[PDB]
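Below is one structure, written out as structure tokens, with a few remarks after it.
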Amino acid sequence: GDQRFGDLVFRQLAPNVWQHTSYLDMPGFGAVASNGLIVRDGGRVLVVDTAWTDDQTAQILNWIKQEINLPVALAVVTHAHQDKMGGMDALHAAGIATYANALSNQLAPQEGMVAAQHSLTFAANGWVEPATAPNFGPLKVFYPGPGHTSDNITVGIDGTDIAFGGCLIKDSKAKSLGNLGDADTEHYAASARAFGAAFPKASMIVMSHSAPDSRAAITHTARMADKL
Ligand SMILES: NS(=O)(=O)c1nccc(-c2ccc(CO)cc2)c1-c1nn[nH]n1
Ligand SMILES: [Zn+2]
Numbered sequence: 002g003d004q005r006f007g008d009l010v011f012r013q014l015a016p017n018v019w020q021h022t023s024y025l026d027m028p029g030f031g032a033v034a035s036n037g038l039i040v041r042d043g044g045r046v047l048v049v050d051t052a053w054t055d056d057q058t059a060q061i062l063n064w065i066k067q068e069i070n071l072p073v074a075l076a077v078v079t080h081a082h083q084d085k086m087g088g089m090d091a092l093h094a095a096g097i098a099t100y101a102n103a104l105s106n107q108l109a110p111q112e113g114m115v116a117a118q119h120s121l122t123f124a125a126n127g128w129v130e131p132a133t134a135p136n137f138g139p140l141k142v143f144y145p146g147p148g149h150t151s152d153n154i155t156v157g158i159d160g161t162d163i164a165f166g167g168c169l170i171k172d173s174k175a176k177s178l179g180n181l182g183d184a185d186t187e188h189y190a191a192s193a194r195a196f197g198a199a200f201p202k203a204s205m206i207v208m209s210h211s212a213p214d215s216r217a218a219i220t221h222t223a224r225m226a227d228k229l
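Take any residue in the sequence shown, note its place counting from 1, add 1, and you have its number in our numbering.
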């Protein structure tokens, strides 16, 4: 079943993949859960997204040391908002190499985030320029276009049925696209479909604010966005 370490919750999704879940109480909304991933790649671990805070991100790392007991080689963060990048200082203090879209790093000061140590860039078709994402193992990084934010990125896990849509994708039973304050309403639908087309074989779609879902999450998000 699910495991807890401090304020964090961990769910095993596949033999080498776990989902990390952290919570932040928002003054007039209550607790909001955010999800990221932990991937075991041979003798090392790869992390996708921080928790909301530095303390919560340190809890992820200590759970990894306790449960997997393999070095964390790198972390990829999916856009410059608190749920995804709020724990950058904890990753840096633990000596983990950090990667984010160049645009996330450029927006990070205005967004109140700490930039990653390295910038990822992308081809016109959305795929990460390989020279900018060295030794990423099974992590396949894809920029689907502007949607939840202009800098949002996605990641597939090679050798699994998993693709991570971060905050771009909502579950198949979602009634709204969430916070559209920094969103591109014109391009959102095409970006949601581009994520789906980049990872055609992925049958488990992991996202930031809902539990893992089928490909139905991709099409239902795109239909909601078509109405924007
Ligand atoms: N990453 S963020 O800074 O923009 C953010 N911060 C806090 C809370 C939410 C949030 C999550 C779910 C819902 C349910 O409809 C509403 C808001 C988000 C959000 N919205 N969409 N993706 N994430
Ligand atoms: Zn966001």
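The beta-carbon is built from N, C-alpha and C at its ideal position, and this holds for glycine as well.
Closer than 7 Å: is that where the CB of residue i sits relative to any heavy atom of ligand 1?
i: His82; result: yes
i: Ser177; result: yes
i: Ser209; result: yes
i: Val129; result: no
i: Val73; result: no
i: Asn153; result: no
Using the rule of at least 16 other Cβ atoms within 10 Å of the residue's Cβ for burial, across every protein chain shown, is residue i buried or exposed?
i: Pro135; result: exposed
i: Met27; result: exposed
i: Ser105; result: buried
i: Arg5; result: exposed
i: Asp159; result: exposed
Please indicate yes or no: does the CB of residue i lie closer than 7 Å to some heavy atom of ligand 2?
i: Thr150; result: yes
What is the C-beta distance between residue i and residue j, in whole angstroms, given that I count them as a contact (C-beta under 8 Å)?
i: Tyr189; j: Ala132; result: 29 Å between Cβ atoms; not a contact.
i: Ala184; j: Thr150; result: 7 Å
Is residue i near residue j, with beta carbons less than 8 Å apart?
i: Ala81; j: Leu108; result: yes
i: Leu25; j: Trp53; result: yes
i: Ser192; j: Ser35; result: no
i: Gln20; j: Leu38; result: yes
i: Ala101; j: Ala59; result: no
i: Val40; j: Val73; result: no
i: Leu75; j: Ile97; result: yes
i: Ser204; j: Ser211; result: no
Ordered list of alpha helix (DSSP H) runs contained in the region 137-213, each at least 4 residues: Within the region 137-213, the runs of alpha helix (DSSP H) that reach at least 4 residues and sit entirely inside it are, in chain order, 189-199.
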